[PDB]
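One structure below.
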Amino acid sequence: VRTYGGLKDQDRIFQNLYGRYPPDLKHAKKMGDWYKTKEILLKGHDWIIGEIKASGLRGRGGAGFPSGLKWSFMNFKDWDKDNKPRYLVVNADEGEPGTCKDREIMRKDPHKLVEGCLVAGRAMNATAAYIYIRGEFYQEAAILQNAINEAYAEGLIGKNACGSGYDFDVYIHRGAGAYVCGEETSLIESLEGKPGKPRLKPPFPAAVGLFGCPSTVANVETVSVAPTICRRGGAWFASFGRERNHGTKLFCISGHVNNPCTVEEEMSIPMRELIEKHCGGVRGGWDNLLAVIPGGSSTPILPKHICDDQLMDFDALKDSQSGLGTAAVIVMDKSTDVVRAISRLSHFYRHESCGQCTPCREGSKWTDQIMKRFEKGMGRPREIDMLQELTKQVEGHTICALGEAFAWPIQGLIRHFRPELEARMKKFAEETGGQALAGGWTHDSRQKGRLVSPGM
Amino acid sequence: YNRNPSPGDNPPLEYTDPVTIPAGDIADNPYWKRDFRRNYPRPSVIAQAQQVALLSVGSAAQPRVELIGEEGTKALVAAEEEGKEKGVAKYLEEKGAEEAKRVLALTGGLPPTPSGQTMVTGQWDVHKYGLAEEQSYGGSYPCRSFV
Amino acid sequence: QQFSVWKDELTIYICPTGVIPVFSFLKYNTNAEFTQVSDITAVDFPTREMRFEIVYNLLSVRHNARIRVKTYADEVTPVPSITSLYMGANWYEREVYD
Amino acid sequence: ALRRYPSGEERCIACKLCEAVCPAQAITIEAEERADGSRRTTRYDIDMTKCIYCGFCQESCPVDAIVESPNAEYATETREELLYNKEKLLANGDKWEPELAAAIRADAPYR
Amino acid sequence: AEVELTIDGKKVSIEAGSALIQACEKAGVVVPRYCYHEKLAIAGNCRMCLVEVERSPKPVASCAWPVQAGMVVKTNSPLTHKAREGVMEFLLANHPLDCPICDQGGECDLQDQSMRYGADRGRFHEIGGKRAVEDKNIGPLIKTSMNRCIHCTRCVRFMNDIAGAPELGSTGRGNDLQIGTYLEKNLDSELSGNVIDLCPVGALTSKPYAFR
Amino acid sequence: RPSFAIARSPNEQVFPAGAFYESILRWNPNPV
Amino acid sequence: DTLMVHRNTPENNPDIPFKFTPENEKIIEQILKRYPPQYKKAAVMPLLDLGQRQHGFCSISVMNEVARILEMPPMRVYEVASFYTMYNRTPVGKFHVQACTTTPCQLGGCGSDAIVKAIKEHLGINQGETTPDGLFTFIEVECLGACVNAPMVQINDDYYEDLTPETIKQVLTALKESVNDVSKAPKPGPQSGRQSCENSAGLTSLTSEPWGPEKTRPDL
Amino acid sequence: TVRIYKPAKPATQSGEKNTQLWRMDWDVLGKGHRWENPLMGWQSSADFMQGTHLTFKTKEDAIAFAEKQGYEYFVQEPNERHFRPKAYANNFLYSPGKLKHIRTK
Ligand SMILES: Cc1cc2nc3c(=O)[nH]c(=O)nc-3n(C[C@H](O)[C@H](O)[C@H](O)COP(=O)(O)O)c2cc1C
Ligand code: SF4
Ligand code: SF4
Ligand code: SF4
Ligand code: SF4
Ligand code: SF4
Ligand code: FES
Ligand code: FES
C-alpha cells in the first residue's frame with residue numbers, strides 16, 4: 001500500500017526551523033511570506049474557510065478538532081449586524097511538558113505567524129488578533145513583536161492590510177507563569193485581566209469570548225500553517241497523512257534518545273520510523289527502549305510492544321488508548337524509574353491546577369500524595385484499584401480538560417505497569433515486616449498505638 | 001478457668017474489628033448499589049376502582065383484550081372510567097353471576113387461601129408441626145414435644 | 001374501600017359501619033380463619049377530618065397468616081365494638097378509649 | 001466523671017452531643033469562649049436522679065471526655081447531693097482517672 | 001417565553017433563558033448544591049449539581065446549564081449517583097475533622113448532603129496528611145476557621161456584587177487557594193454579617209455567637 | 001537580612017527594561 | 001516557602017511609596033492603547049511586570065500603584081499577583097536561578113538532578129533561599145518549554161540550556177563576575193555546539209535551497 | 001392564641017424539607033414561659049404547651065383543627081420567591097462603556 005513518512009524538503013512548511021536565516025522581514029519574503037496575501041484577502045472569507053475545510057487541518061493544540069469547522073463557528077447568521085469587536089486569540093503559551101514547537105516558531109520564523117493572524121482573522125473576519133505568549137518566552141516575545149512592528153511599518157497589518165481595505169491589528173500579551181493559561185477559556189480570562197480560571201461552556205467563546213465579544217482561540221502552529229495551505233492549496237496539504245490525519249506536523253523528540261531535537265514530519269509516520277531516522281536512535285538501541293509518552297505529559301504512557309507498530313497521528317494513538325496531544329514524544333530508557341517519571345508529572349499537575357473546581361483542586365493533590373507512596377511502595381495492591389477509580393471520578397466532572405490531563409497519565413501507568421507497582425509494594429512489605437495499611441502506614445501501626453480505622 | 005483472666009486483662013491489641021469485603025472495601029464498592037434503605041418498597045394500594053378495571057381489561061401479566069395501538073387507549077380509560085363511576089358491587093351485579101365465577105377463576109375456581117409466613121421449605125407456607133421422634137417426658141406426663 | 005400490601009403485610013381498609021360484618025367474615029370463614037385479635041390500637045392524624053385511625057391486627061393459626069384491618073373514627077363518631085366476636089378485644093378497646 | 005488529658009486540660013470542648021443523645025434529658029450544658037479563646041463549657045450539670053445509666057453519653061463523645069466510672073457506692077442523704085455540677089464531675093475524674101484509663105484501655109478496641 | 005422539558009419524566013414549564021437548576025426546583029426535584037445560591041451569580045466550581053442530560057457525553061452542571069425546548073434530564077441515574085459520591089469524596093478529603101468544635105454543626109449542608117449523596121465511609125488515609133491553612137483577621141464580627149473552606153466563592157460573590165465591598169478575594173492557586181484579604185483588613189460593610197449565613201460551612205462564623 | 005535586589009532610590013532601575021518592552025516604544029500603527 | 005498572604009515587612013509594607021519612573025509611563029501609555037478603553041484592567045499583568053522590574057519584586061506598594069492606574073480595587077490585583085508565579089512577592093536575588101525538574105529534563109541528556117546538585121554545591125544553598133551575599137536565589141520550576149534542550153536553567157530572562165555539571169558551574173560564575181564588567185557575561189542559549197535545537201550530529205533535513213513563491217497555485 | 005404558618009427555610013442552609021408542612025404552635029406568654037431555677041440555674045416553666053407543636057398538610061386542615069378545639073389562631077401567609085431566569089452567560093456580558101463592576105468569580 002502506501003507507507004507514510006520521509007517527506008522531501010521541498011514539501012515542508014517551517015523551513016527556517018534551524019536558524020539558517022535571520023528573522024527579519026527581508027529574508028521572510030524569500031520564503032514566500034506576504035507573497036499573494038493581497039489576493040487572498042480580496043477573496044471572500046467563505047473561500048478561506050472552505051479551503052481550510054478541504055485541507056483537513058486539525059488543531060495542534062492538543063484536542064485535534066477540525067480547524068475550518070471551528071473557525072466557521074464564529075461566522076454566525078447575523079454576525080454582521082452586531083457592532084461588538086471580534087477577536088482572534090492566538091495560543092502562544094506552550095506549557096505542556098515535553099513540548100517545544102511554538103518556541104521555535106516564534107523565535108525562528110515569526111512572519112509566518114504574523115500573516116497567519118490576518119488570514120485566520122479574515123477567515124473568521126475578526127477585527128483584532130491577540131497573541132498570548134508564555135511569560136518565560138521573553139526573548140521569543142521580543143522577536144515576535146519586532147516582526148509585528150515591521151508588519152505595521154510595511155503596511156501588511158494595520159488600518160489597510162496590503163491595500164485590501166481590511167482592518168486588522170496584532171498585539172502581544174505575555175503571560176506570567178500559569179500552565180492553566182493555555183486552556184482556551186482560561187486564556188480569555190487571563191488576557192481580560194483576571195486569574196486564569198476557565199469558564200464553563202454552554203457560553204461558547206464564538207459568541208461570548210474576550211470582553212464578552214465573539215472570539216476564537218487557535219494554537220500557534222495551526223494558525224501559522226494557514227497562509228501556506230491557502231497559497232499552496234488544501235489538496236496539497238491533504239496529500240500527506242491518513243484519511244482523517246492529514247498534513248505535516250512538528251514533533252518534539254525529547255528524553256532518552258541519542259540526539260534529541262524537533263523536526264517536522266508527515267502525520268501518521270510510524271513511531272519506529274521517526275526516532276532512529278530523525279534523532280540518531282534511542283539510547284541503547286531499540287531493544288533497550290522501555291516506554292514512550294507519545295503526545296506530552298497528558299497522553300498515557302505507551303510500552304515497548306505497543307509502540308512497535310504504532311503510527312503517530314490522532315486516530316491511531318486514540319485507538320491505542322492514548323493521544324498525540326502536541327506530539328511531545330517523551331521517550332524513556334530501560335534503565336530509568338518509570339514510576340518516578342509519572343509521579344513527577346502528577347506533581348506537575350498538582351502545581352498547575354487553578355483550584356477553581358473540587359475534583360481537580362482536591363484530586364490533583366490526592367493523587368500526587370498517592371503517587372509518592374507508590375514510588376516507595378508504601379501501600380497494599382488494593383490501593384492501585386482505588387487510584388484507578390479516583391481518576392474516573394475526575395474525568396468529565398471538571399470545568400476544564402486539566403482534569404483529564406492528570407487522570408490519563410496515571411491510568412496509563414496502572415494499565416501497563418501494574419506489575420511494577422505491586423513489586424515495589426512487595427519490596428516494601430518485605431522490608432517493614434508486612435503489607436502496609438492503605439494510606440502508607442506500616443503493618444505494626446495499631447501495635448505502636450496510632451489511629452487505625454477498621455479497613456485501611 | 002472461669003472468667004480467667006478478667007476482661008480487663010484480656011490484651012487490647014489481640015482483638016480485631018472486622019470488615020467484610022464487599023461493603024468494607026476501598027476499591028470495588030460504590031455505596032449506591034448497597035443503599036437498600038433508599039430502595040425501600042412502597043405500599044402497593046388497590047382501591048375499588050382499580051379492581052373494577054383489573055377485572056374489566058385484565059392485567060399487564062394477563063390482558064382480556066389485545067389493546068393494539070389506538071382504539072385500545074380509549075379502551076384503557078373505559079376500564080378506569082367505569083371504576084370511578086361504579087364499585088365492584090355494581091360491576092358484579094350488572095354483568096351477572098358469570099363473572100362472579102370469574103373472580104374465583106383467577107385462583108382456580110376456589111377462593112384463595114392466605115399466605116403463610118415461614119419459607120423454611122423455600123416457599124411461603126404454614127409450618128408443619130409434628131411430634132418429635134423422642135418425647136422428653138415419654139408418655140408419663142401430660143406434655144408432648146413438637147418439632 | 002381499598003387494600004394495600006407492603007412486604008409480607010396485607011392491610012384492608014374498611015368503612016366504620018362495616019366492622020361487625022368484616023370481622024365476622026374474617027373470624028368464621030374457612031379461608032379466613034382469623035380467630036385471634038392480636039392487638040387493637042389507634043393512631044392520631046389531626047390533619048384528617050376523622051382524626052383517629054383504628055388498627056386491628058389479626059392472626060390465623062390455621063393458615064399461619066396475619067391480616068391488618070384499618071378503620072377510622074372521630075372525637076364524636078363511634079365505632080362498633082367487637083367483643084361480641086373476640087373476648088380478648090375487650091381490654092384493648094378500653095385502652096383505645098382511655 | 002469528666003476527664004482530662006495528660007497535659008491537664010479538660011478534654012470537653014462543649015460539642016453538646018452528649019446533651020442531644022441523652023435519653024432522659026439529664027444533661028444541661030452552657031458554653032462560651034474561654035479567656036484564652038478555647039471552646040470550653042461554663043456549665044456541666046448531670047441530674048443523677050434523671051439519668052438511666054445507659055452509657056449513651058460516653059458512646060457519643062469524640063474525645064472520651066464523659067465516662068461512667070465503676071463506682072456504684074455513692075448513696076447520699078439528700079437528693080440535692082445528686083445534682084452533679086461541673087466542679088463535682090471534674091473532681092470525680094481526677095479521683096478515678098487510673099481506673100477510667102484502665103477500663104478505656106480494655107474496651108477501646110471494641111468501641 | 002416558556003420552554004417545556006422533562007426532568008425524571010415529569011414536564012416542567014420554565015421560562016426560556018433560565019438555568020436547569022431553576023427548572024429542577026420548579027419541577028419538585030431536589031438537586032444537591034454548594035456554590036449555587038438563588039441570589040448570587042452562577043459559579044460552576046462545586047460540581048455537586050452534575051446531572052445527566054440526553055445527548056451529552058459528560059455530566060452537565062445543572063446550575064449553569066440553560067434550559068432548552070426539548071431536553072431530557074435524569075437526576076437519579078447511575079451516572080448521577082457516582083458523580084455525587086465522587087464529588088463528596090473530594091470535598092471531604094482535605095476537610096478538617098472539626099465537627100464537634102465547629103459552629104456550623106447540626107446545620108451544615110456539607111454534613112447533610114454527605115449523609116444523603118455521599119458514601120458512608122471515607123477513603124482518605126494519607127500519611128502525608130491533609131491541607132492546613134492559617135486563619136485570617138477580617139474584622140471583629142467574623143471569626144475564621146479557614147481549614148473548613150470548600151471554595152464555593154459564595155462570600156466573594158456576595159461581598160463584591162451585593163455589598164459592593166471588594167476587599168474579599170481568592171489569592172493563590174490550586175490546593176493552596178485561599179479566601180481572605182491578602183493584607184489583613186477589617187471588612188467594612190454594614191451587610192458583611194450575611195457572609196456568615198451564606199457560608200455553606202463554618203469557615204466564616206460570628207465572633208459574638210462563638211460557641212454558645 | 002541578606003541584601004536583595006531592591007530599588008533604593010525612587011528613580012532607580014533595578015532590572016533592565018529588556019528587548020520586548022524596548023520594542024513596544026517603536027510600535028506605531030500609523031504606516032511610515 | 002511561598003505564602004499566599006501578605007506578611008508585613010520593613011521592605012514590604014503599604015506605607016512605602018511607589019511610583020513608575022518618569023521613563024516608564026511612556027511604556028505604560030503604549031500598553032494601555034493596545035486594549036479597549038474601558039477594559040484597561042486587561043493591562044494589570046504588563047504593569048505588574050513593569051512594576052517589579054523597576055522595584056525588584058511585586059511589593060504591596062507596587063501592586064497598589066498598579067491598582068490606582070487602572071481604577072481597580074487593589075484586591076483584584078492581589079489575586080492576579082498571587083495567581084501567577086513569575087511575580088515575586090518577596091525580595092529575590094540579583095540572579096533568580098530557575099532549574100526545570102519536570103520529567104523531560106529529568107531524563108533529557110544528562111538529568112537535571114546533577115544540575116540541581118551542581119547548583120546546590122556551588123551556590124551553597126538549598127531550594128528556595130538566596131545566597132548570603134544576596135546575588136542568587138535558586139528555585140526549581142516546571143517545564144520551561146526547552147525540553148529538547150534538556151537540562152536547562154533560566155536565570156533572569158535568558159535560557160542557559162543543554163547543561164552538564166561542569167558547564168552549569170562556569171555559566172553561573174561568569175554571571176557572578178558580570179556584576180562589574182558586562183563583557184564577561186555568558187552568552188545565552190545552549191552550549192556544546194547546538195545553536196538552538198538542530199540535530200547534534202548533522203542536519204537530517206533542510207539541506208537544499210529553500211523553495212520560494214515559484215510553486216504557488218496559478219488561480220491565486 | 002396559636003400561630004398556623006409554614007416554617008421559613010433556614011438562612012444557614014439550602015434544604016427545604018421543613019418548609020413543606022404547616023406547623024401549629026402556641027404563642028409565648030409574658031409570664032410563666034421561663035424563669036431561672038434558684039438552685040441549679042435551670043430554666044423552669046409553667047407553660048404546658050411550650051414543647052408541643054402540630055403538623056398539618058394544608059392550611060385549611062390546621063384551621064379546621066383549631067376551630068374544632070376552640071383555639072384562637074393567627075394564620076401567617078407563606079413568603080415565596082420571585083422567579084427570575086439566572087444565566088451563567090451574564091457573568092461575562094460586554095460593557096460598551098465604563099465597567100462599574102469588576103466581576104471576580
Ligand atoms: C489544561 C490545558 C492546557 C492547554 N495548554 C495548551 C498549550 O500550552 N498550548 C496550546 O497550544 N494549547 C493548549 N491547550 C489547548 C487549548 O485550549 C486550545 O484548544 C488550542 O490551543 C487551540 O485549539 P486548536 O489547536 O484546535 O486551534 C490546553 C488545554 C488545556 C485544557
Ligand atoms: S480542572 Fe483543574 S485547572 Fe481546570 S478548572 Fe477545574 S480546578 Fe481549574
Ligand atoms: S463531654 Fe463530650 S459529648 Fe459532652 S459536651 Fe463535652 S465533648 Fe461533647
Ligand atoms: S447515661 Fe445518663 S447522663 Fe448519660 S446519656 Fe444516658 S441518661 Fe443521659
Ligand atoms: S463545616 Fe460542617 S462538616 Fe465541616 S466541621 Fe463544621 S459541621 Fe462539620
Ligand atoms: S469562606 Fe465560606 S463562603 Fe467563602 S469560599 Fe470558603 S466556604 Fe465558600
Ligand atoms: S451547584 Fe452547580 S456547581 Fe455548585
Ligand atoms: S521539561 Fe524542562 S523544559 Fe520542558
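Below, all heavy atoms of this structure are taken into account, side chains as well, without hydrogens, waters or symmetry copies. Just so we're on the same page: letters track the sequence lines, and every chain starts at 1.
Annotation: cation-pi geometry not satisfied between A:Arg58 and A:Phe314 (NZ/CZ under 6.0 angstrom from ring centroid, within 45° of ring axis).
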Item to complete: Show your working on side chain to side chain donor-acceptor pair (under 3.5 Å) between A:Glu96 and A:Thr326 and close with a plain yes or no.
Response: CA-CA 8 Å; A:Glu96 191 68 34; A:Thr326 58; over 6 Å; no

Item to complete: Take A:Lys108 and A:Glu140 through the salt bridge (charged side-chain N to carboxylate O under 4.0 Å, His left out) test and state the conclusion after the steps.
Response: CA-CA 9 Å; A:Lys108 300 287 97 176; A:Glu140 296 84 320; over 6 Å; no

Fill in: Worked verdict on A:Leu156 versus A:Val114 for side-chain contact (heavy atoms from CB on, under 4.5 Å)
CA-CA 9 Å; A:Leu156 307 170; A:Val114 180; over 6 Å; no

Practice prompt. Would you please test G:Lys215 and A:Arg232 for side-chain contact (heavy atoms from CB on, under 4.5 Å) and show each step?
Written response: CA-CA 7 Å; G:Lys215 45 184 66 176; A:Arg232 288 184 65 88; 3.2 Å; yes

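A:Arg283 is not listed as a side-chain neighbour of A:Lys334, based on a closest heavy-atom distance of 4.5 Å or more. Within the 4.5 Å cutoff, the side chain of G:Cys197 has heavy atoms near those of the A:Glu104 side chain. Using a 4.5 Å heavy-atom cutoff, the side chains of A:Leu317 and A:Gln310 are in contact. No side-chain heavy atom of G:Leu203 sits under 4.5 Å from any side-chain heavy atom of G:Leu206. Residues A:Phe406 and A:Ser353 form no side-chain contact, since every pair of their non-hydrogen atoms from C-beta on lies 4.5 Å or further apart. In this structure, the side chains of A:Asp102 and A:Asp93 stay at 4.5 Å or more apart for every pair of heavy atoms. Between A:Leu113 and A:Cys117 there is a side-chain heavy-atom pair separated by less than 4.5 Å. Between A:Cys261 and G:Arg194, some side-chain heavy-atom pair lies under the 4.5 Å cut-off.
Side chains of G:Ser205 and A:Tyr18: no donor on one and acceptor on the other come within 3.5 Å. G:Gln106 and G:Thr101 form no side-chain donor-acceptor contact under 3.5 Å, judged by distance and modelled atom types alone. Of the N and O atoms on the side chains of A:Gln10 and G:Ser208, not one donor lies less than 3.5 Å from an acceptor on the other residue. Using modelled atom types, one finds no donor on one side chain facing an acceptor on the other under 3.5 Å when comparing A:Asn16 with A:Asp109. Side chain to side chain, G:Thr216 and A:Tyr35 fail the donor-acceptor criterion of an N or O pair below 3.5 Å. The closest side-chain donor-acceptor pair between A:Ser67 and A:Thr222, if any, does not fall under 3.5 angstrom. Between the side chains of A:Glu265 and A:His278, at least one donor N or O sits under 3.5 Å from an acceptor N or O. Between A:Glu94 and A:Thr99, the side chains place no donor N or O within less than 3.5 Å of an acceptor N or O (distance only, hydrogens not considered).
No donor-acceptor pair closer than 3.5 Å links the side chain of A:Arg103 to the backbone N or O of G:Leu144. Using modelled atom types, no side-chain atom of A:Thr391 and backbone atom of A:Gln411 make a donor-acceptor pair closer than 3.5 Å. Without hydrogens or angle criteria, A:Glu150 side chain to A:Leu25 main chain gives a donor-acceptor distance under 3.5 Å. Using modelled atom types, one side-chain atom of A:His256 and one backbone atom of G:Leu107 make a donor-acceptor pair closer than 3.5 Å. Although no hydrogens or angles enter the test, the distance criterion places a donor-acceptor pair under 3.5 Å between the side chain of A:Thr299 and the main chain of A:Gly296. Side-chain atoms of A:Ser186 never come within 3.5 Å of backbone atoms of A:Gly182 as a donor-acceptor pair (strictly under, hydrogens ignored). Judged purely by atom type and a 3.5 angstrom limit, A:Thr228 has no side-chain atom pairing as donor or acceptor with the backbone of A:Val225. No donor-acceptor pair closer than 3.5 Å links the side chain of A:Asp333 to the backbone N or O of A:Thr336.
In terms of heavy-atom proximity, G:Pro190 sits nearest to G:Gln195 at CD-O, 3.2 Å. Closest non-hydrogen pair, A:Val180 versus A:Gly196, comes out as CG1-O, 3.4 Å. Scanning all heavy atoms of the two residues, the minimum distance from A:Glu404 to A:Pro409 falls at O-CD, 4.2 Å. A:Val220 approaches A:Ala92 most closely through the heavy-atom pair CG2-CA, 3.4 Å. Annotation for A:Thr398 and A:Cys400: closest pair OG1-O, 2.9 Å, computed over non-hydrogen atoms. Nearest heavy-atom pair, A:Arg122 versus A:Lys43, reported as atom, atom and distance to 0.1 Å: NH2-O, 4.1 Å.
With respect to A:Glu276 and A:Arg272, a salt bridge is recorded, a charged nitrogen being found less than 4.0 Å from a carboxylate O. One finds a salt bridge joining G:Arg217 and A:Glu51 here, because a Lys/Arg side-chain nitrogen approaches an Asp/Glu carboxylate oxygen to under 4.0 Å. Salt-bridge check for A:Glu266 with A:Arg12: failed, with every basic side-chain N at 4.0 Å or more from each acidic carboxylate O. Salt bridge status for A:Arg231 with A:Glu115: present, with a side-chain N to carboxylate O gap under 4.0 Å. Using a 4.0 Å cut-off between a side-chain N of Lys or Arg and a carboxylate O of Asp or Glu, A:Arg199 and A:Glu189 qualify as a salt bridge.
A distance of 11.5 Å separates CG in A:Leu191 from CD1 in A:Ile131, rounded to the nearest 0.5 Å. In this structure, CD on A:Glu39 lies 6.0 Å from CG on G:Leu220, to the nearest 0.5 angstrom. Here the straight-line distance linking atom CD of A:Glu264 with atom CZ of A:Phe251 works out to 10.5 Å at 0.5 Å rounding. Atom SG of G:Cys147 and atom CD1 of A:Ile330 lie 7.0 Å apart (nearest 0.5 Å). Summarising the geometry, atom CD1 belonging to A:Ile133 is positioned 5.0 Å from atom CD1 belonging to A:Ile172; distances are rounded to the nearest 0.5 Å. Going from atom CG of A:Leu289 over to atom CG of A:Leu302 covers 10.5 Å, rounded to the nearest 0.5 Å.
Between A:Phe348 and A:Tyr179, the gap from one ring centroid to the other is short of 6.0 Å.
Note on residues 296-312 of chain A: pairs passing salt bridge (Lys or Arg N to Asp or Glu O under 4.0 Å), not counting sequence neighbours, are A:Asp287-A:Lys304.
Within a 6.0 Å radius of NZ in E:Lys58, other residues, nucleotides and ligands contribute 12 heavy atoms or fewer. Residue-environment remark: CZ (A:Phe73) stays at or below the threshold of 12 foreign heavy atoms within 6.0 Å. No more than 12 heavy atoms of other residues, nucleotides or ligands shown are found within 6.0 angstrom of CZ on A:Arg244. No more than 12 heavy atoms of other residues, nucleotides or ligands shown are found within 6.0 angstrom of NZ on A:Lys29.
Ring orientation note: the planes of G:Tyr159 and A:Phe137 are nearly perpendicular, at an angle over 60° on the 30°/60° scale. Relative ring orientation between A:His111 and A:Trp34 is described as perpendicular, the plane-to-plane angle rising above 60° on a 0-90° scale split at 30° and 60°.
The only member of A:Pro300, A:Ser297, A:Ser322 that meets side chain to side chain contact (heavy atoms under 4.5 Å, CB included) when paired with A:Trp408 is A:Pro300.
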